[PDB]
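To start, the structure itself, in structure tokens.
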Amino acid sequence: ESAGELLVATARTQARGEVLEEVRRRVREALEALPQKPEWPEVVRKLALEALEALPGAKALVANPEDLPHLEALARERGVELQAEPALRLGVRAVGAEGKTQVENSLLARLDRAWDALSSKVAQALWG
Amino acid sequence: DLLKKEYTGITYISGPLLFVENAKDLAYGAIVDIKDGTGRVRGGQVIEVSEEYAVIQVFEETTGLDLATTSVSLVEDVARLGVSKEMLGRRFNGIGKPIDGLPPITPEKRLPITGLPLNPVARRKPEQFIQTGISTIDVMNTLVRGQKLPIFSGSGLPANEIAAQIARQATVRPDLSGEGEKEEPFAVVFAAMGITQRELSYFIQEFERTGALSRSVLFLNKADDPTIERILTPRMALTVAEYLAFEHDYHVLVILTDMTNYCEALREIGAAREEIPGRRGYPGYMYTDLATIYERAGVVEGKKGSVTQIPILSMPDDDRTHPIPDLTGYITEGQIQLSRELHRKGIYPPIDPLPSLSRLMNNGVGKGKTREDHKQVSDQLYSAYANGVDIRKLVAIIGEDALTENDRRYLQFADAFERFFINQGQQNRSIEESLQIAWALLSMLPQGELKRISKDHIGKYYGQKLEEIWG
Amino acid sequence: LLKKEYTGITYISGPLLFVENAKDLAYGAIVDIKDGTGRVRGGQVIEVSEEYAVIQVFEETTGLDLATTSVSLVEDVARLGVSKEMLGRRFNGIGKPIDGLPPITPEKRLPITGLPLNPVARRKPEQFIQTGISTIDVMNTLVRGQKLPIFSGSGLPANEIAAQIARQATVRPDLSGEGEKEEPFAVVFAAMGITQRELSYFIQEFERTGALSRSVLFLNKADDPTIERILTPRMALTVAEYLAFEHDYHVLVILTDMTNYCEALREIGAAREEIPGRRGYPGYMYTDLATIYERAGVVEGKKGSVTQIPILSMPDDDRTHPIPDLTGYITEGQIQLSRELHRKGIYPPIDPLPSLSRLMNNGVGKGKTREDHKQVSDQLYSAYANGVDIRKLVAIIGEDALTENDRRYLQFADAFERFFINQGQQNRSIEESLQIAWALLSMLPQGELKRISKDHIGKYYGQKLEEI
Amino acid sequence: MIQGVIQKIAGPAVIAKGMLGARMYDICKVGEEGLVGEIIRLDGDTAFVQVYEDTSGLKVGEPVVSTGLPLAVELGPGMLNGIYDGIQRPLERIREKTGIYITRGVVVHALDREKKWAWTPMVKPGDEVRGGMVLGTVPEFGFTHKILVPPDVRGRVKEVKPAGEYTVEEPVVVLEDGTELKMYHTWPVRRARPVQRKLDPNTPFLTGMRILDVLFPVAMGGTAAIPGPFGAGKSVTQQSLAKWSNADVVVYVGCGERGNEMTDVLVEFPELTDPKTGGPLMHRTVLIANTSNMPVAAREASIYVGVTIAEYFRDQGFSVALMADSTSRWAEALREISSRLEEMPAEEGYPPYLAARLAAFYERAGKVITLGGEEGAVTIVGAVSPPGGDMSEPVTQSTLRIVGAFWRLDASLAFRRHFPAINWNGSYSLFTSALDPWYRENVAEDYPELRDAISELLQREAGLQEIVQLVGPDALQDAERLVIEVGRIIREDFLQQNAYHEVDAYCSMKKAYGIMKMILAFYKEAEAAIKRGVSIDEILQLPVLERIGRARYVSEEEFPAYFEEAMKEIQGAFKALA
Amino acid sequence: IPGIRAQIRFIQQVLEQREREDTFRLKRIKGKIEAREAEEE
Amino acid sequence: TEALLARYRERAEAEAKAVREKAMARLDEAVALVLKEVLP
Ligand SMILES: Nc1ncnc2c1ncn2[C@@H]1O[C@H](COP(=O)(O)OP(=O)(O)OP(=O)(O)O)[C@@H](O)[C@H]1O
Ligand SMILES: [Mg+2]
């Protein structure tokens with residue numbers, strides 16, 4: 001007798017999950033398109049500064065080879081070496097003085113770290 | 001908050017413990033991800049922090065972890081669980097991740113799993129009588145709403161069936177109490193710590209039969225599951241239960257299937273940490289740790305919800321002196337202790353009433369709550385059953401031929417008690433039926449021996465024979 | 001032939017000393033410790049590391065010092081020299097002669113720990129050893145390749161039974177059916193913790209009957225170093241294996257007072273500071289005892305055998321003590337002595353009821369003893385157990401209440417105790433023991449012998465106890 | 001690969017330096033002769049290695065190479081009719097390579113490489129293949145052995161070999177991505193093999209022993225523990241289970257036990273018949289032997305290897321019985337290795353994770369739907385050897401929390417040579433209520449009721465025994481004497497079973513039902529007669545009791561006629577008494 | 001009387017075992033602190 | 001009978017379609033809002 005209620009509840013839950021997943025996929029596709037926009041240098045600069053101030057005494061800052069040109073001056077003023085790392089994309093990475101600690105600011109990390117907190121906001125905006 | 005700091009530099013991996021040196025920014029108690037070379041992510045909690053290194057207890061097996069490609073990253077400083085009213089009808093695993101295939105839930109609050117103490121000033125006195133339908137519990141070991149009443153089981157005793165039956169049959173009696181007549185049901189939170197597939201299959205099948213899986217949250221840590229994940233399961237369950245009860249006015253019934261397994265996990269961690277043990281190797285802080293779980297039940301002034309706990313634990317060798325039952329009984333508000341002797345005789349539920357107890361019983365029985373004769377009837381039943389057991393011991397050494405008439409009446413009472421009050425099978429007995437049976441049984445004794453029952457009650461209820469009920 | 005000495009001793013406490021630059025000292029290597037006085041005492045490497053190597057010293061560390069002591073390597077693995085000339089000799093448990101005769105020349109140097117026997121190489125024990133004792137030979141037959149212990153007590157005659165079995169043990173090839181030629185039979189006798197009195201007794205018992213000529217005796221005293229006791233069983237079993245599986249011998253090995261062995265094992269372990277087991281005994285006691293007892297057996301493609309008769313004394317007569325308990329888990333049965341039979345003046349005081357031989361079924365019958373053996377043994381067991389049950393039933397209703405069958409069974413139990421068990425120093429043959437058994441059974445009616453085929457009852461029933 | 005050098009040797013524990021990068025629970029080869037061991041601790045540049053072989057004669061500085069791979073078994077055709085050691089090394093090959101003694105360091109493949117296998121394809125090119133499917137079949141010993149996809153492998157088929165004779169190494173199928181699927185694959189022994197879903201045990205595991213099969217049943221995917229002191233009959237019980245049970249395959253695991261038992265199995269089973277397929281018994285048996293005097297740490301490997309092979313045959317759709325000869329020896333191995341680690345011990349020196357390991361091992365039992373969709377089960381019977389017979393000990397109590405049946409062996413019964421010597425007062429089974437429908441549809445509609453009646457009679461006799469001994473057999477009443485004698489009959493006519501007798505060693509369910517019905521009919525008639533005034537002695541002197549005595553010795557084919565005759569005779573003899 | 005004697009012996013054995021385990025633990029921890037002082041002070 | 005199950009399936013699918021359309025209504029607005037929120 002409760003089978004119908006269970007089926008309806010499962011359908012509603014999976015539908016809401018599908019809408020949320022669509023939102024997340026769209027935000028992913030948008031974030032990966034950020035570099036092409038003319039404001040990308042500002043984003044790179046701010047992320048690099050956040051990483052540097054979040055890793056006191058950092059030895060070196062690692063960024064995409066195509067992105068270090070936007071970081072040529074910032075590294076010199078802060079006195080930290082730069083390195084070319086093709087694997088990292090749309091993000092910056094920092095390596096500590098000890099060499100055993102590092103900080104990553106890749107936009108995917110930010111997305112998948114703040115998604116849990118922003119899920120309530122997405123839910124209340126979609127189905128408020 | 002929005003950035004990922006990764007700690008390479010692990011110096012030690014042995015058993016459940018991991019040491020990471022330069023992690024001076026990890027908070028005490030924080031939750032971390034351990035990423036190995038192959039990319040598998042495993043969890044863990046910080047249980048010691050210093051400028052030298054941080055001790056991390058891992059929540060999974062350490063196979064494949066190396067000191068070169070393994071890294072530790074932070075998830076959060078305080079272990080919190082996302083909590084939504086839409087958790088009802090969902091099945092989660094020990095660490096609270098879905099295992100039913102449905103999408104992860106959207107939280108309304110993220111509450112710490114440890115929780116906080118309930119202020120004694122805020123607490124309300126539990127006074128609502130819950131009818132379980134089992135005479136030994138209802139009449140002699142009454143359960144109220146807002147109580148911690150565990151079941152003390154054995155290796156092969158049917159405690160799981162008793163828990164399933166209590167969940168199936170539980171209800172308040174608004175008619176007998178005088179308060180508003182409402183038929184709101186219980187919301188059942190079910191925490192399985194190291195449960196076998198047989199027991200879990202039984203529980204799931206029973207709940208599906210009763211249609212209670214819609215109003216139940218399940219946190220399942222099986223026997224093949226990691227052992228150190230059991231530290232978090234009861235705390236996640238109680239976080240959910242407290243949320244529902246004291247923010248959405250639910251009456252929550254929480255079942256913690258095997259607390260022995262939990263205590264074993266605690267011992268594993270403590271032994272790894274060189275903690276000074278108490279008795280039988282269990283950590284010295286086991287009492288406090290168990291109180292952090294059991295004391296998360298009750299009722300609060302100015303709110304309509306409640307939390308009720310029915311923990312189930314297996315006494316290792318049917319030993320009540322073992323640390324786990326001992327500390328639990330020192331913490332909880334009574335216990336229902338099963339008996340293997342009654343089990344062998346075929347009595348179900350095999351509940352021995354002499355070692356059982358319900359502290360809060362007097363708050364939920366009497367005039368205006370169940371019935372005026374309740375308390376004195378229970379006291380008299382205990383007296384008569386104790387006399388019967390003593391007379392059995394006397395016969396074991398002297399033989400039936402020497403027994404006086406009153407002694408034989410008490411023996412017959414004990415046997416009839418075991419066969420008609422304790423033994424009920426799967427049957428929902430209203431408190432009135434249970435009192436009627438108790439009275440029919442006490443009628444086997446002369447009027448004057450009922451020293452614990454007031455004269456007026458004796459006049460109003462004594463005399464009916466047991467044949468009037470059956471046959 | 002050159003030797004390397006180590007002078008880097010940095011620590012000495014208890015039976016351990018540490019050596020600094022002993023990187024080439026193997027784990028399990030035997031060493032020689034030479035002190036300033038020139039005395040040389042031995043030791044063993046129990047742990048080795050880059051920082052130092054730990055050596056356990058066989059004797060007391062009195063007179064050792066960190067300035068003059070030197071350590072040298074004797075051999076990588078403890079070996080022993082074994083020759084066929086060992087027959088007729090005595091040794092001390094290290095292999096050194098103690099009989100005043102020149103030392104033997106070895107034909108091989110065998111490691112004493114021994115390698116495990118592959119299960120695929122073993123063959124099933126299927127032949128019996130005539131011990132000369134009726135209880136063992138009928139009720140609890142010993143099978144070639146078995147390891148059947150005797151469980152004794154504080155004052156019971158374990159030494160006497162060991163000596164008697166060694167003196168009387170034979171192989172009886174005639175009964176094999178094929179009439180095979182006589183096969184060689186030796187007796188290796190391991191004694192541990194034996195006092196001077198018992199050692200004198202055993203020397204006398206082996207010299208009196210000339211059995212010493214076919215025996216190798218490894219005798220360890222109670223004042224000897226503790227580790228010597230540990231090696232005694234391994235030296236004995238090495239000799240036994242050599243004889244059996246390179247000279248087609250049938251060696252019977254008697255190990256006496258394994259309780260003393262376990263006491264020595266506990267002493268050494270506690271010295272090594274290991275986590276204790278049930279009653280202080282090392283947690284590995286079971287494995288150590290298995291490494292001894294699992295060396296008995298018979299191999300496929302060899303004509304020889306190794307049979308073990310460990311002898312134990314149960315503390316407080318407690319069968320649940322770790323020593324008898326772990327021995328029972330390893331061995332293939334048990335012969336148990338009873339104090340009741342001893343207070344009754346019965347020798348040997350073997351109680352058939354709690355005794356058992358697990359391999360007996362496969363070493364009795366046609367071509368091995370004779371066809372009545374198993375049925376007679378089972379029927380004797382039934383009759384004696386029934387008699388004992390009736391005897392304890394007499395503590396209620398009294399003799400006057402017993403029926404005719406009860407009277408017959410009580411009488412059989414008493415006569416069984418008086419004749420089948422009580423045999424003094426007789427060397428009863430298997431045929432003689434079976435005749436005594438049949439005569440005792442004939443007291444009970446022909447119809448109550450439910451476990452004996454009618455043919456055997458007809459063939460052998462009826463003989464009275466005329467032979468006394 | 002990662003190369004190091006020995007730094008410290010102590011017992012079976014070797015510490016290797018310069019092993020940074022080596023992973024936990026990864027095999028390595030220790031010493032010049034390549035002794036196999038597993039890593040169980042990582043500290044700095046060092047790795048703690050537990051060795052599955054003797055360590056005597058090793059020196060510091062010797063090489064230590066890590067293999068990068070965990071402890072695994074080779075799963076493929078060639079395991080049946082075979083005897084293996086703890087780490088799956090064929091003992092026949094070891095013998096014919098190195099003689100009657102076991103020497104450390106032998107490198108041999110578990111599955112023979114020079115044998116040709118008749119192979120029949122069942123996958124066409126271009127068919128999608130997922131973990132657990134059957135690519136083809138091969139005849140092994142009368143079994144249709146199915147060649148499986150490794151559980152964690154998905155892909156599409158490019159090429160399939162044709163029907164013919166191939167060795168194990170032959171790639172019989174190649175996926176579109178280049179992965180080569182052979183006749184065998186490896187699997188870590190500490191990871192349970194995946195399944196689609198678990199099921200509720202609803203079919204009996206027929207053991208052939210009346211007491212176990214009647215009073216304390218076990219379902220086909222269930223778990224049983226059989227503790228007992230030495231000399232009780234654990235080994236004989238398990239051998240009888242391996243000889244007469246209705247499992248398609250049996251995996252016998254001797255951990256820390258006698259070698260004469262493995263020799264007995266090997267000598268005897270090749271000349272015994274399979275209960276169902278009618279072929280030699282060995283062809284359905286896998287033997288894992290790590291005797292008492294073999295390396296201690298190999299006991300753990302033996303347990304895990306046995307359970308993994310059992311899981312494999314379950315994944316081929318068989319019903320598999322796993323017999324663990326001594327889990328106590330596995331606990332002892334854990335205790336020793338923890339002593340070398342210097343871990344803080346729980347009760348009686350066992351490590352505090354013993355219960356978790358036992359639980360993981362026992363939880364691999366169950367009736368399941370296989371990844372290929374077929375039905376399979378693994379039934380684990382576990383022997384326990386408590387010190388001194390004390391059942392309050394950690395291994396027994398930790399086993400009692402996970403097993404569904406508890407077959408308690410008793411020293412008192414075993415000393416009076418009453419076998420199987422199962423204490424029916426302290427034993428229990430939790431599959432009695434689940435298997436009732438099967439009993440009703442396969443033995444008789446009233447089987448559960450008669451079984452309950454016999455249990456009740458046994459309980460009543462147990463009660464009456466106390467008064468009998470305290471007061472005397474004669475002083476009792478008469479019906480009480482009938483209860484006592486009928487309990488005697490039940491014990492010595494139904495519960496006893498001679499594992500060495502040619503006929504009594506096995507007993508069908510119908511035979512047990514027949515004996516039960518005969519006993520109960522006798523009891524009802526005797527009660528009536530006592531009411532009628534017949535004396536006890538007259539009842540006991542009846543000759544029909546003797547016919548009930550020899551019932552268990554009657555052959556199965558002859559037993560229904562014997563049962564009809566005895567049923568008629570009970571009535572006929574007890575009616576004329578008047 | 002013999003039964004009570006057996007019970008007494010069993011209980012005494014269990015208590016002695018618990019005492020031995022406690023002594024082993026105390027030795028371990030005392031060695032731990034001593035080694036700490038000796039090595040890292 | 002199976003008519004009740006068919007009706008339940010029909011209503012469940014109708015509800016799924018309705019919620020999907022309700023999402024379609026403001027999916028892009030929600031995506032923009034969350035994007036603005038994540039950025040500083
Ligand atoms: N069912 C049986 N029928 C006949 N004899 C039996 C039976 N069970 C046990 N026995 C007898 O008991 C002897 C010991 O039994 P078994 O080898 O099975 O012991 P166990 O309980 O496994 O003990 P251990 O731990 O010493 O190996 C067997 O050799 C046989 O003599
Ligand atoms: Mg055994």
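Labels below follow one simple rule: chain letters A, B, ... track the order of the sequence lines, proteins then strands, and each chain is numbered from 1. Worth knowing before you read on, the calculation uses all heavy atoms, side chains too, and leaves out hydrogens, waters and symmetry mates.
Heavy-atom minimum distance, A:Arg110 versus B:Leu3: NH1-CD2, 3.0 Å. Listed here is the closest heavy atom pair of A:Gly17 and B:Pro103: CA-CG, 3.7 Å. Here the closest non-hydrogen pair linking B:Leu2 and A:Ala114 is CD2-CB, 3.7 Å. Minimum interatomic distance between A:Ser2 and B:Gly211 (heavy atoms only, all atoms of both residues): OG-CA, 4.2 Å.
When the shell of 6.0 Å around CZ of A:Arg45 is examined, it contains more than 12 heavy atoms from other residues, nucleotides or ligands. Atom NZ of B:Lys109 has 12 or fewer heavy atoms from other residues, nucleotides or ligands within 6.0 Å. Within a 6.0 Å sphere centred on CD of A:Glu39, other residues, nucleotides and ligands contribute more than 12 heavy atoms. Other residues, nucleotides and ligands contribute at most 12 non-hydrogen atoms within 6.0 Å of the CD atom of A:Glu66. When the shell of 6.0 Å around CZ of A:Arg78 is examined, it contains 12 or fewer heavy atoms from other residues, nucleotides or ligands. Within 6.0 Å of atom CZ in B:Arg110, more than 12 heavy atoms from other residues, nucleotides or ligands are found, so the atom counts as buried in its surroundings. Other residues, nucleotides and ligands contribute over 12 non-hydrogen atoms within 6.0 Å of the CZ atom of A:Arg113. Open room surrounds CD on A:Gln36; 12 or fewer heavy atoms of other groups in view lie less than 6.0 Å from it.
Inter-residue side-chain proximity for B:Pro107 and A:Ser120 is flagged as unmet; no heavy-atom pair is nearer than 4.5 Å.
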Practice prompt. Verify side-chain contact (heavy atoms from CB on, under 4.5 Å) between A:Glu98 and B:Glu21, making sure each step is shown before the conclusion.
Written response: CA-CA 11 Å; A:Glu98 53 268 20; B:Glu21 55 192 358; over 6 Å; no

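Separation of atoms CZ (A:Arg93) and CD (B:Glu6) is listed at 9.5 Å; rounding is to 0.5 Å. Atom OG of residue B:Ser71 and atom CD of residue A:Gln102 lie 7.5 Å apart, to the nearest 0.5 angstrom. Annotation: the span from B:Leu102 atom CG to A:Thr13 atom OG1 amounts to 5.5 Å, rounded to 0.5 Å.
Per-residue heavy-atom pair counts under 4.5 Å with chain B were compared for A:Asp116, A:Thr10, A:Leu6, and the maximum is reached by A:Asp116.
Residue A:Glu104 touches chain B through both its backbone and its side chain, counting heavy-atom pairs closer than 4.5 Å. If you measure heavy-atom distances from A:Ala9 to chain B, you find no contacts under 4.5 Å at all. Contact of B:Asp1 with chain A is made through the backbone alone, with heavy-atom distances under 4.5 Å. If you measure heavy-atom distances from B:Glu86 to chain A, the contacts under 4.5 Å come from the side chain alone. Heavy atoms closer than 4.5 Å to chain B are found in the side chain of A:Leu20, but not in its backbone.
Although no hydrogens or angles enter the test, the distance criterion places a donor-acceptor pair under 3.5 Å between the side chain of B:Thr8 and the main chain of A:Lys100.
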